[PDB]
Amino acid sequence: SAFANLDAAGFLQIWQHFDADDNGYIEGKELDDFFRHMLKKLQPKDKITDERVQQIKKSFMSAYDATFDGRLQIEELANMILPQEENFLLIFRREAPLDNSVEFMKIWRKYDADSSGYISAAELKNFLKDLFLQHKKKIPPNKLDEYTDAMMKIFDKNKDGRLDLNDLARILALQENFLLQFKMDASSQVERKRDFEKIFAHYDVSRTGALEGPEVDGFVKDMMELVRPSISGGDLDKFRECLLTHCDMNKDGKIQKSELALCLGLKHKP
């Protein structure tokens, strides 16, 4: 029921429907329909009307812009709709599509071998160098600088010297981010843990330290079902492969508790 704003990832998903050619614009007379998609994405159960689209659409920009039916460049609509963090993430991903999580995980493992869920902020630029390499991608030294320094802005404000996986994972250019699938609010990173703790407790009957197979499957359904309900059936497989794909170390087929915590936005403090 709370106000729910469109993030950079969502903004792109809807945008692409209108700019499949990726010219970077959409007809300005189509801003009314761009909002119906937004409203339907944010409030999935709401029954949207034409009147509502106008009321919401308008509240999002100047009275003047409301009449702006001309060509709107992607940066313009994003500037009129997305907050900074999600905004900068939109521009960064567009100029540096880094849509390879397989290697993100690997690079994350290097700077966070115990899967605490954080990397020392001192390793940022070093980190951004490796990520581009696994993507075999090269950029100018300055752009790397700007990016490194721009990210410290939205990920290290507390300036406590540490960046969190829940933030850095967001720089990836993935329509549906392998990880960014969970709630990220106040107690949302709390409640999810308690339920994560008891749920990891149940399945690991032998009390070893890792779940394998049915245990991993049972956890998943008895985890995600409550994280983000109304999920498909076959929509647990890639969830189960992505694990031993982007988490566990050896090919044991087991899923360690700490590795598992990472993907949940949570963090297992041993």
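One-based numbering along the sequence shown.
Comparing 179-187 with 161-169, the higher mean C-alpha B-factor in the PDB entry belongs to 179-187. On average the C-alpha atoms of 227-235 have higher B-factors than those of the other stretch, with 227-235 and 31-39 being the two compared. Taking only the listed residues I107, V102, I199, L174, the entry reports the highest CA temperature factor at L174. Sorting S115, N126, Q73, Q84 by the CA temperature factor given in the entry leaves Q84 at the top. When the modelled residues of the chain are ordered by their C-alpha B factor, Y203 lands in the lowest third. Annotation for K136: C-alpha temperature factor in the lowest third relative to the rest of the modelled chain, per the entry. Sorting the modelled residues of the chain by their CA temperature factor places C242 in the middle third. Among all modelled residues in this chain, the alpha-carbon of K153 has a temperature factor (C-alpha) in the highest third. In the deposited entry, the Cα temperature factor of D222 places it in the middle third of its chain's modelled residues.
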